[PDB]
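The next block is final_0.cif, given as mmCIF, C-alpha atoms and all ligand atoms.
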data_target
loop_
_atom_site.label_atom_id
_atom_site.label_comp_id
_atom_site.auth_asym_id
_atom_site.auth_seq_id
_atom_site.Cartn_x
_atom_site.Cartn_y
_atom_site.Cartn_z
CA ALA A 1 7.93 25.02 -4.55
CA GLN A 2 8.97 22.67 -1.72
CA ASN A 3 10.65 19.33 -2.62
CA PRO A 4 10.87 19.97 -6.37
CA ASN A 5 12.88 16.79 -7.11
CA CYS A 6 9.99 14.73 -5.44
CA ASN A 7 12.26 12.90 -3.00
CA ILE A 8 10.80 10.67 -0.31
CA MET A 9 10.90 12.59 2.97
CA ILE A 10 11.30 11.11 6.43
CA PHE A 11 9.70 12.75 9.45
CA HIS A 12 10.44 12.51 13.16
CA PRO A 13 7.47 14.11 15.01
CA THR A 14 7.77 14.82 18.72
CA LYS A 15 5.20 13.38 21.12
CA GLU A 16 3.38 16.73 21.08
CA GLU A 17 3.31 16.85 17.29
CA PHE A 18 1.94 13.24 17.26
CA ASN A 19 -1.33 14.27 18.87
CA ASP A 20 -3.19 15.77 15.99
CA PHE A 21 -3.05 13.46 12.92
CA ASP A 22 -4.73 15.78 10.40
CA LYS A 23 -2.50 18.67 11.41
CA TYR A 24 0.69 16.64 10.95
CA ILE A 25 -0.38 15.39 7.50
CA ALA A 26 -0.99 19.01 6.51
CA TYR A 27 2.51 19.92 7.94
CA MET A 28 4.16 17.22 5.87
CA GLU A 29 2.46 18.55 2.77
CA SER A 30 3.60 22.13 3.63
CA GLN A 31 7.13 20.75 3.33
CA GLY A 32 6.40 19.09 -0.03
CA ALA A 33 6.19 15.49 1.14
CA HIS A 34 3.30 14.65 -1.18
CA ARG A 35 5.33 15.41 -4.25
CA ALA A 36 7.15 12.08 -3.81
CA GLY A 37 3.96 10.07 -3.52
CA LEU A 38 5.19 8.41 -0.25
CA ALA A 39 6.60 9.59 3.12
CA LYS A 40 8.07 7.76 6.13
CA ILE A 41 7.02 8.75 9.69
CA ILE A 42 9.17 7.50 12.59
CA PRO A 43 7.06 7.71 15.78
CA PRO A 44 8.44 9.46 18.88
CA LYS A 45 10.39 7.19 21.20
CA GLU A 46 7.69 7.45 23.90
CA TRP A 47 5.05 5.89 21.59
CA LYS A 48 3.93 2.34 21.22
CA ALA A 49 1.18 0.60 19.18
CA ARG A 50 0.55 -2.01 21.80
CA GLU A 51 2.40 -3.68 24.73
CA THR A 52 3.51 -6.91 23.01
CA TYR A 53 2.90 -9.14 19.96
CA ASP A 54 3.13 -12.33 22.00
CA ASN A 55 -0.52 -13.25 21.70
CA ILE A 56 -1.30 -12.94 17.92
CA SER A 57 -0.88 -16.54 16.74
CA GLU A 58 -4.50 -17.46 16.89
CA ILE A 59 -5.63 -14.83 14.38
CA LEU A 60 -7.07 -16.65 11.32
CA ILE A 61 -5.98 -16.05 7.77
CA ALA A 62 -9.16 -17.38 6.15
CA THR A 63 -7.95 -17.16 2.51
CA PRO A 64 -4.16 -17.14 2.16
CA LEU A 65 -3.17 -16.18 -1.42
CA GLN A 66 -0.34 -17.93 -3.38
CA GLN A 67 1.11 -15.31 -5.70
CA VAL A 68 1.90 -17.00 -9.01
CA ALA A 69 3.93 -15.01 -11.59
CA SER A 70 3.99 -15.01 -15.39
CA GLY A 71 6.34 -13.06 -17.68
CA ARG A 72 10.01 -12.12 -17.39
CA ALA A 73 12.00 -11.19 -14.32
CA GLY A 74 11.56 -7.45 -14.62
CA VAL A 75 8.06 -7.36 -16.30
CA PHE A 76 5.51 -9.81 -14.95
CA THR A 77 1.98 -10.25 -13.73
CA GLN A 78 0.81 -12.20 -10.71
CA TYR A 79 -2.44 -14.03 -9.96
CA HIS A 80 -3.71 -15.04 -6.61
CA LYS A 81 -4.46 -18.68 -6.01
CA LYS A 82 -6.62 -19.29 -2.94
CA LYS A 83 -5.24 -21.71 -0.32
CA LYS A 84 -6.77 -23.37 2.75
CA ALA A 85 -7.23 -21.32 5.90
CA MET A 86 -4.44 -21.20 8.47
CA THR A 87 -3.67 -19.37 11.71
CA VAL A 88 -0.99 -16.69 12.05
CA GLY A 89 1.09 -19.24 14.04
CA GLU A 90 0.84 -21.74 11.19
CA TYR A 91 1.62 -19.05 8.60
CA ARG A 92 4.71 -17.86 10.56
CA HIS A 93 6.04 -21.44 10.64
CA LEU A 94 5.46 -21.75 6.88
CA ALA A 95 7.24 -18.42 6.19
CA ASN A 96 10.28 -19.62 8.22
CA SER A 97 10.40 -23.06 6.46
CA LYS A 98 13.24 -23.86 4.11
CA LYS A 99 10.97 -23.58 1.04
CA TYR A 100 9.88 -20.01 1.88
CA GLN A 101 12.45 -18.36 4.20
CA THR A 102 14.57 -15.36 3.28
CA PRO A 103 17.96 -16.45 1.77
CA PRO A 104 21.26 -15.44 3.21
CA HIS A 105 22.18 -11.96 2.15
CA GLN A 106 24.62 -9.09 2.96
CA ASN A 107 22.30 -6.15 3.25
CA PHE A 108 18.99 -4.72 1.91
CA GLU A 109 20.59 -3.93 -1.47
CA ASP A 110 21.75 -7.52 -1.96
CA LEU A 111 18.29 -8.77 -1.00
CA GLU A 112 16.63 -6.34 -3.49
CA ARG A 113 18.91 -7.72 -6.24
CA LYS A 114 17.94 -11.28 -5.33
CA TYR A 115 14.22 -10.33 -5.32
CA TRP A 116 14.28 -8.93 -8.84
CA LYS A 117 16.42 -11.70 -10.17
CA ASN A 118 14.48 -14.61 -8.69
CA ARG A 119 10.90 -13.58 -7.68
CA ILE A 120 9.20 -15.08 -10.74
CA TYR A 121 10.56 -18.57 -9.99
CA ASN A 122 8.75 -18.90 -6.67
CA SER A 123 5.14 -18.54 -5.51
CA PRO A 124 5.07 -17.06 -1.97
CA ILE A 125 1.86 -17.10 0.13
CA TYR A 126 0.41 -13.69 1.41
CA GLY A 127 -2.19 -13.22 4.17
CA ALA A 128 -3.65 -10.04 2.80
CA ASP A 129 -6.61 -7.85 3.31
CA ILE A 130 -7.76 -9.27 6.69
CA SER A 131 -10.23 -6.92 8.39
CA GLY A 132 -9.01 -6.08 11.86
CA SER A 133 -6.53 -4.10 14.02
CA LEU A 134 -3.56 -4.71 16.24
CA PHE A 135 -3.55 -1.24 17.88
CA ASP A 136 -4.38 -1.24 21.59
CA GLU A 137 -7.62 0.60 22.26
CA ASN A 138 -5.69 2.72 24.73
CA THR A 139 -3.20 4.00 22.07
CA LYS A 140 -4.55 7.44 21.35
CA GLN A 141 -2.01 8.72 18.82
CA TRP A 142 -1.87 7.44 15.18
CA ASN A 143 -4.20 4.53 15.99
CA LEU A 144 -5.31 3.34 12.53
CA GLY A 145 -8.63 2.06 13.83
CA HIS A 146 -9.57 5.55 15.29
CA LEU A 147 -8.98 7.83 12.36
CA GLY A 148 -11.67 10.18 11.01
CA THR A 149 -13.63 8.39 8.32
CA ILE A 150 -13.61 9.18 4.62
CA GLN A 151 -17.41 9.44 4.73
CA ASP A 152 -17.21 12.11 7.42
CA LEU A 153 -14.52 14.00 5.42
CA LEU A 154 -16.74 14.00 2.29
CA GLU A 155 -19.63 15.19 4.41
CA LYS A 156 -17.56 17.94 6.01
CA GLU A 157 -16.22 19.18 2.64
CA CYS A 158 -19.19 18.70 0.36
CA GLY A 159 -22.21 18.66 2.76
CA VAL A 160 -23.67 15.32 1.66
CA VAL A 161 -24.19 12.49 4.14
CA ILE A 162 -23.40 9.05 2.69
CA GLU A 163 -23.52 5.40 3.69
CA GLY A 164 -20.33 3.40 4.22
CA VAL A 165 -17.67 2.58 6.71
CA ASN A 166 -13.83 2.64 6.66
CA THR A 167 -11.91 0.02 8.76
CA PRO A 168 -8.28 -1.21 8.75
CA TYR A 169 -6.78 -4.28 7.25
CA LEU A 170 -3.97 -6.59 8.37
CA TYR A 171 -1.36 -8.06 6.03
CA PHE A 172 0.82 -11.04 7.04
CA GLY A 173 3.76 -11.35 4.66
CA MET A 174 6.70 -13.61 3.91
CA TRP A 175 9.84 -13.39 1.66
CA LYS A 176 8.95 -12.30 -1.89
CA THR A 177 5.33 -11.50 -1.14
CA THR A 178 4.53 -8.72 -3.52
CA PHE A 179 2.29 -5.70 -3.96
CA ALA A 180 1.70 -4.74 -7.53
CA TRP A 181 1.82 -1.24 -9.07
CA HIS A 182 -1.30 0.69 -8.01
CA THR A 183 -2.83 3.82 -6.61
CA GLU A 184 -5.50 3.60 -3.93
CA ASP A 185 -9.22 3.22 -4.60
CA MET A 186 -10.53 6.63 -5.75
CA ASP A 187 -6.87 7.88 -5.51
CA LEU A 188 -7.18 8.06 -1.68
CA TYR A 189 -4.32 8.36 0.74
CA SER A 190 -3.16 5.26 2.57
CA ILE A 191 -1.30 4.81 5.82
CA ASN A 192 0.61 1.61 6.66
CA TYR A 193 2.16 0.63 9.98
CA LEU A 194 4.68 -2.25 10.05
CA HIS A 195 3.81 -3.87 13.43
CA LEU A 196 6.46 -6.56 13.55
CA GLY A 197 8.95 -8.63 11.68
CA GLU A 198 11.06 -8.17 8.58
CA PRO A 199 11.11 -5.07 6.38
CA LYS A 200 9.00 -4.00 3.43
CA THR A 201 10.67 -2.30 0.38
CA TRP A 202 8.61 0.27 -1.47
CA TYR A 203 8.85 1.86 -4.88
CA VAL A 204 6.84 5.00 -5.80
CA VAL A 205 6.19 7.32 -8.78
CA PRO A 206 5.58 11.02 -8.02
CA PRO A 207 1.89 11.92 -8.57
CA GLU A 208 2.79 14.51 -11.11
CA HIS A 209 4.36 11.74 -13.22
CA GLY A 210 1.78 9.00 -12.79
CA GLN A 211 0.64 9.13 -16.40
CA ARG A 212 4.22 8.26 -17.49
CA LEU A 213 3.97 5.02 -15.58
CA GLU A 214 0.51 4.31 -17.07
CA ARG A 215 1.84 4.84 -20.62
CA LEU A 216 4.69 2.40 -19.99
CA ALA A 217 2.36 -0.09 -18.49
CA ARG A 218 0.14 0.02 -21.59
CA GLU A 219 3.24 -0.71 -23.72
CA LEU A 220 4.46 -3.56 -21.49
CA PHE A 221 1.09 -5.26 -20.96
CA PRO A 222 -0.59 -4.72 -24.28
CA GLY A 223 -3.34 -7.44 -23.97
CA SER A 224 -4.31 -6.14 -20.50
CA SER A 225 -4.40 -2.59 -21.82
CA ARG A 226 -6.84 -3.57 -24.58
CA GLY A 227 -9.09 -5.33 -22.04
CA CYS A 228 -9.40 -2.30 -19.74
CA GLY A 229 -8.56 1.36 -19.88
CA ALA A 230 -7.55 1.31 -16.17
CA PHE A 231 -6.03 -2.14 -15.78
CA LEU A 232 -3.55 -1.12 -13.07
CA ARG A 233 -6.70 -1.06 -10.86
CA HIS A 234 -6.50 -4.86 -11.11
CA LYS A 235 -3.37 -4.82 -8.97
CA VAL A 236 -1.51 -7.51 -10.87
CA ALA A 237 1.34 -5.85 -12.82
CA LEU A 238 5.00 -5.57 -11.76
CA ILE A 239 7.78 -3.55 -13.38
CA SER A 240 11.31 -3.60 -11.93
CA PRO A 241 13.43 -0.58 -11.07
CA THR A 242 15.85 -1.53 -13.81
CA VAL A 243 13.03 -1.45 -16.39
CA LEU A 244 11.68 1.83 -15.07
CA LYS A 245 15.19 3.41 -15.35
CA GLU A 246 15.61 2.05 -18.91
CA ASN A 247 12.34 3.79 -19.86
CA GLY A 248 13.01 7.06 -18.09
CA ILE A 249 10.21 6.79 -15.55
CA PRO A 250 10.79 8.95 -12.49
CA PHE A 251 10.62 6.94 -9.22
CA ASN A 252 12.08 6.51 -5.75
CA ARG A 253 12.61 3.60 -3.39
CA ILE A 254 12.74 3.18 0.41
CA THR A 255 12.71 0.31 2.96
CA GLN A 256 10.23 0.46 5.87
CA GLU A 257 11.22 -1.35 9.12
CA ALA A 258 9.16 -2.53 12.03
CA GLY A 259 7.77 0.41 14.09
CA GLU A 260 7.58 2.82 11.18
CA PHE A 261 4.61 4.33 9.31
CA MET A 262 4.38 5.00 5.60
CA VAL A 263 1.89 7.38 4.05
CA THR A 264 0.98 7.15 0.36
CA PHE A 265 -0.46 10.34 -1.20
CA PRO A 266 -3.28 10.71 -3.77
CA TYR A 267 -2.33 9.29 -7.16
CA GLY A 268 1.07 8.10 -5.91
CA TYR A 269 1.66 4.78 -7.71
CA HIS A 270 3.45 2.30 -5.50
CA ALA A 271 4.68 -1.36 -5.51
CA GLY A 272 6.95 -3.41 -3.34
CA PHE A 273 7.84 -6.62 -1.52
CA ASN A 274 8.36 -8.09 1.91
CA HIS A 275 11.78 -9.31 3.16
CA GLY A 276 10.49 -12.11 5.40
CA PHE A 277 7.74 -12.86 7.91
CA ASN A 278 6.00 -9.64 8.93
CA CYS A 279 2.63 -8.06 9.86
CA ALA A 280 1.44 -4.69 8.63
CA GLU A 281 -1.82 -2.77 9.16
CA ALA A 282 -3.16 -0.26 6.66
CA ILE A 283 -6.20 1.93 5.98
CA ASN A 284 -7.29 4.51 3.47
CA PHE A 285 -8.01 8.10 4.50
CA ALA A 286 -8.93 11.45 2.98
CA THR A 287 -8.14 15.16 3.53
CA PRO A 288 -9.58 18.24 1.92
CA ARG A 289 -6.81 18.14 -0.73
CA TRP A 290 -7.96 14.64 -1.80
CA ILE A 291 -11.37 15.76 -3.11
CA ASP A 292 -10.04 16.99 -6.46
CA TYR A 293 -8.17 13.70 -6.96
CA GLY A 294 -11.26 11.70 -6.17
CA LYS A 295 -13.21 13.60 -8.77
CA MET A 296 -10.59 12.78 -11.45
CA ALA A 297 -9.72 9.18 -10.44
CA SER A 298 -9.77 6.60 -13.19
CA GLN A 299 -11.99 3.70 -12.87
CA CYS A 300 -12.02 0.03 -13.92
CA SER A 301 -15.46 -0.87 -15.36
CA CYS A 302 -14.39 -4.22 -17.06
CA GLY A 303 -15.36 -6.26 -14.02
CA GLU A 304 -11.96 -7.29 -12.74
CA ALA A 305 -11.21 -4.74 -10.06
CA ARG A 306 -14.26 -5.50 -7.79
CA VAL A 307 -14.11 -3.30 -4.64
CA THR A 308 -15.72 -2.51 -1.31
CA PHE A 309 -19.25 -1.47 -0.59
CA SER A 310 -18.11 1.97 0.46
CA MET A 311 -16.69 2.94 -3.00
CA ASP A 312 -20.23 3.16 -4.38
CA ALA A 313 -21.03 6.44 -2.73
CA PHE A 314 -17.69 8.00 -3.65
CA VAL A 315 -18.30 7.29 -7.39
CA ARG A 316 -21.98 8.24 -7.13
CA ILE A 317 -21.28 11.64 -5.60
CA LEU A 318 -17.91 12.59 -7.08
CA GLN A 319 -18.25 11.00 -10.53
CA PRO A 320 -21.96 10.91 -11.41
CA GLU A 321 -21.32 10.66 -15.21
CA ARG A 322 -19.21 7.51 -14.68
CA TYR A 323 -21.50 5.94 -12.09
CA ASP A 324 -23.80 3.84 -14.29
CA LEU A 325 -20.95 2.26 -16.28
CA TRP A 326 -18.82 1.65 -13.18
CA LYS A 327 -21.74 0.01 -11.36
CA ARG A 328 -22.35 -2.37 -14.33
CA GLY A 329 -18.72 -3.52 -13.73
CA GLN A 330 -19.56 -4.08 -10.07
CA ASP A 331 -22.67 -6.21 -11.08
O1 LIG A 401 1.54 -3.75 2.38
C1 LIG A 401 1.06 -4.14 1.29
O2 LIG A 401 1.03 -5.33 0.78
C2 LIG A 401 0.32 -3.16 0.44
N1 LIG A 401 0.04 -1.88 1.10
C3 LIG A 401 -0.30 -0.83 0.40
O3 LIG A 401 -0.44 -0.78 -0.84
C4 LIG A 401 -0.63 0.42 1.16
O4 LIG A 401 -0.45 0.44 2.40
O5 LIG A 401 -1.10 1.32 0.40
MG MG A 402 -4.22 -14.72 18.73
NI NI A 403 -1.50 0.82 -1.52
ZN ZN A 404 -10.61 -3.47 -15.50
#

Using the file provided, produce a representation of the structure as structure tokens.
Ligand SMILES: O=C(O)CNC(=O)C(=O)O
Ligand SMILES: [Mg+2]
Ligand code: NI
Ligand SMILES: [Zn+2]
Amino acid sequence: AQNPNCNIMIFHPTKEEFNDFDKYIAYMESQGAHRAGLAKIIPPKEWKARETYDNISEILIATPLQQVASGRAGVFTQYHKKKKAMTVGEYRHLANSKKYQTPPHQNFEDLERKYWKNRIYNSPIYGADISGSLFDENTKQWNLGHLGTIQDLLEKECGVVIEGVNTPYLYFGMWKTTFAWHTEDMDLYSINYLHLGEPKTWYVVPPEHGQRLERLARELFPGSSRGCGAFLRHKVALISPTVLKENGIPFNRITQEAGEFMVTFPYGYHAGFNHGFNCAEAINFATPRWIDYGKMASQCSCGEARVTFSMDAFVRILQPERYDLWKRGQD
């Protein structure tokens, strides 16, 4: 069995290997990359996403989200408070202000320590989930707005044509902006490209050990767990590396820098934080290996998780027994 310790693997495809996306995902899996739940892909030196980032300041962040924490330093939830619209130029200025800027630090490890010690005492503002793309239309390789769609994959594998579309999302981050412990909708893959700015630190639980994280989460968030049998779908719970180690939960960590892709694999729980002002782009995708994970994916039916239009068909076709209850939670 390849990669039996479930380590995060880093790949350096050549320009020729960067042509066929599906084929390279399948290569990474042949080497065991999926066992970790997350892989890093460093593009060939000849590649670029676009010519420059000099003209992005007029993008609008219609609903910036202030991420307010409750709990203790290593075990907390966050809620998202909606703020007034602002442009990317305005947001960048805010991120760099004395109230929000990254503190002085020695290295990534020192910054990680400061994150876990101090995150709860501040409420950073995240421009998340903005439909759109920063890839140039002329970038033909690993362009996140030109991937094969999940609807076409389901049709190819299963023969059923379904409604729905699949487009990318932009994330503008600042120091301490946080992504809570989650898997993707319907336990899909995700791919994330860090276009510019400061790094993003990731933590991940191997898919084969996801239920260990869920069991801890139920213990640590007992009110939430009573409210919903899949409350990590709400994307609000954080657990530090120190707490995971104390409870014996297998995980790994890695820092993504500008110009690098990360791929999350089906049922790979992940969480993390941004080091300072940055912009990432991400999208879900599927492969043939996903189908069995989509059929088994947990679902939130309590009403909180509220998701895209396009998840309807996935539940309807892959999980017909669950469909009626899940849709009640949508309505
Ligand atoms: O970048 C973020 O805030 C969150 N991204 C992801 O969870 C992802 O790409 O799967
Ligand atoms: Mg602009
Ligand atoms: Ni994700
Ligand atoms: Zn729920």

| task | Residues up to 10 Å from ligand MG 402 (chain A), counting all atoms listed in the file: could you list those as number ranges by chain? | result | A: 53-60, 87-89

**OP:** Kindly work out which residues sit at most 7 Å from ligand NI 403 (chain A), using all atoms listed in the file, and give the list as a PyMOL selection string.
**Re:** chain A and resi 182-184+190+270

Limited to C-alpha atoms, could you put the picked residues into a file as a compact mmCIF listing (two decimals), keeping the file's coordinate frame?
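Resulting contents of out30.txt:
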# COMPACT_ATOMS: atom_id res chain seq x y z
CA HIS A 182 -1.30 0.69 -8.01
CA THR A 183 -2.83 3.82 -6.61
CA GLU A 184 -5.50 3.60 -3.93
CA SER A 190 -3.16 5.26 2.57
CA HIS A 270 3.45 2.30 -5.50

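For the pair CA of residue 276 (chain A) and CA of residue 37 (chain A), the separation is 24.8 Å.
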
Contacts of ligand ZN 404 (chain A), 6 Å or closer, all atoms listed in the file, given as an MDAnalysis selection string: chainID A and resid 228 230:231 300:305

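With CA of residue 179 (chain A) on one side and atom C1 of ligand LIG 401 (chain A) on the other, the separation reads 5.6 Å.
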
Students should find that CA of residue 194 (chain A) and CA of residue 256 (chain A) are spaced 7.5 Å

Write out as a compact mmCIF listing (two decimals) with C-alpha atoms, keeping the file's coordinate frame each polymer residue (protein, DNA or RNA) that has an atom no more than 10 Å from ligand LIG 401 (chain A), with all atoms listed in the file counted.
# COMPACT_ATOMS: atom_id res chain seq x y z
CA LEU A 38 5.19 8.41 -0.25
CA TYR A 126 0.41 -13.69 1.41
CA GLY A 127 -2.19 -13.22 4.17
CA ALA A 128 -3.65 -10.04 2.80
CA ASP A 129 -6.61 -7.85 3.31
CA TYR A 169 -6.78 -4.28 7.25
CA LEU A 170 -3.97 -6.59 8.37
CA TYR A 171 -1.36 -8.06 6.03
CA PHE A 172 0.82 -11.04 7.04
CA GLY A 173 3.76 -11.35 4.66
CA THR A 177 5.33 -11.50 -1.14
CA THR A 178 4.53 -8.72 -3.52
CA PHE A 179 2.29 -5.70 -3.96
CA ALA A 180 1.70 -4.74 -7.53
CA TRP A 181 1.82 -1.24 -9.07
CA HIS A 182 -1.30 0.69 -8.01
CA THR A 183 -2.83 3.82 -6.61
CA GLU A 184 -5.50 3.60 -3.93
CA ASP A 185 -9.22 3.22 -4.60
CA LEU A 188 -7.18 8.06 -1.68
CA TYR A 189 -4.32 8.36 0.74
CA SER A 190 -3.16 5.26 2.57
CA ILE A 191 -1.30 4.81 5.82
CA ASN A 192 0.61 1.61 6.66
CA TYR A 193 2.16 0.63 9.98
CA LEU A 194 4.68 -2.25 10.05
CA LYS A 200 9.00 -4.00 3.43
CA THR A 201 10.67 -2.30 0.38
CA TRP A 202 8.61 0.27 -1.47
CA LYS A 235 -3.37 -4.82 -8.97
CA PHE A 261 4.61 4.33 9.31
CA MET A 262 4.38 5.00 5.60
CA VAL A 263 1.89 7.38 4.05
CA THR A 264 0.98 7.15 0.36
CA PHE A 265 -0.46 10.34 -1.20
CA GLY A 268 1.07 8.10 -5.91
CA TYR A 269 1.66 4.78 -7.71
CA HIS A 270 3.45 2.30 -5.50
CA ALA A 271 4.68 -1.36 -5.51
CA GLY A 272 6.95 -3.41 -3.34
CA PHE A 273 7.84 -6.62 -1.52
CA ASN A 274 8.36 -8.09 1.91
CA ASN A 278 6.00 -9.64 8.93
CA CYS A 279 2.63 -8.06 9.86
CA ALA A 280 1.44 -4.69 8.63
CA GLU A 281 -1.82 -2.77 9.16
CA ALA A 282 -3.16 -0.26 6.66
CA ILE A 283 -6.20 1.93 5.98
CA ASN A 284 -7.29 4.51 3.47

Q.
Here is a test: counting only C-alpha atoms, which residue of A:152, A:16, A:90, A:312 is nearest to residue 285 (chain A)?
A.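 Looking only at the distances to residue 285 (chain A), the closest residue turns out to be A:152.
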
When distances are computed from all atoms listed in the file, which of A:92, A:216, A:186, A:291 shows the smallest separation from residue 156 (chain A)?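 Distance minimum relative to residue 156 (chain A) lands on A:291.
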
Enumerate, in order of chain and increasing residue number, the residues of region 270-316 of chain A with an atom no farther than 12 Å from region 20-28 of chain A, each with its shortest atom pair and distance in Å to one decimal, counting only C-alpha atoms, as CSV.
residue,atom,partner,partner_atom,distance
A:285,CA,A:22,CA,10.2
A:286,CA,A:22,CA,9.6
A:287,CA,A:22,CA,7.7
A:288,CA,A:26,CA,9.8
A:289,CA,A:26,CA,9.3
A:290,CA,A:26,CA,11.7

Skip residue 140 (chain A) itself and residues of its chain fewer than 6 positions away, then list as a tab-separated table (two decimals) with C-alpha atoms, keeping the file's coordinate frame all residues within 12 Å of it, counting all atoms listed in the file.
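Writing done, so here's selection.tsv:
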chain	number	residue	atom	x	y	z
A	15	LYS	CA	5.20	13.38	21.12
A	18	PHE	CA	1.94	13.24	17.26
A	19	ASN	CA	-1.33	14.27	18.87
A	20	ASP	CA	-3.19	15.77	15.99
A	21	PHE	CA	-3.05	13.46	12.92
A	47	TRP	CA	5.05	5.89	21.59
A	48	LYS	CA	3.93	2.34	21.22
A	49	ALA	CA	1.18	0.60	19.18
A	50	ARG	CA	0.55	-2.01	21.80
A	146	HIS	CA	-9.57	5.55	15.29
A	147	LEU	CA	-8.98	7.83	12.36

Item to check | From A:77, A:252, A:122, A:143, residue lying nearest residue 232 (chain A) [only C-alpha atoms] | outcome: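 Of A:77, A:252, A:122, A:143, the one nearest residue 232 (chain A) is A:77, counting only C-alpha atoms.
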
Q | Protein, DNA and RNA residues within 9 Å of (-4.5, -4.5, 16.0), all atoms listed in the file, as a ChimeraX atom specification | A | /A:49-50,132-137,144-145,168,170,195,281

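The shortest atom-to-atom distance to residue 65 (chain A), with only C-alpha atoms taken into account, belongs to A:123 out of A:107, A:123, A:96, A:141.
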
- How would you write as an NGL selection string the residues that get within 12 Å of (-22.4, 1.8, -14.6) in the file's frame, counting all atoms listed in the file? :A and (299-303 or 312 or 315-316 or 319-331)
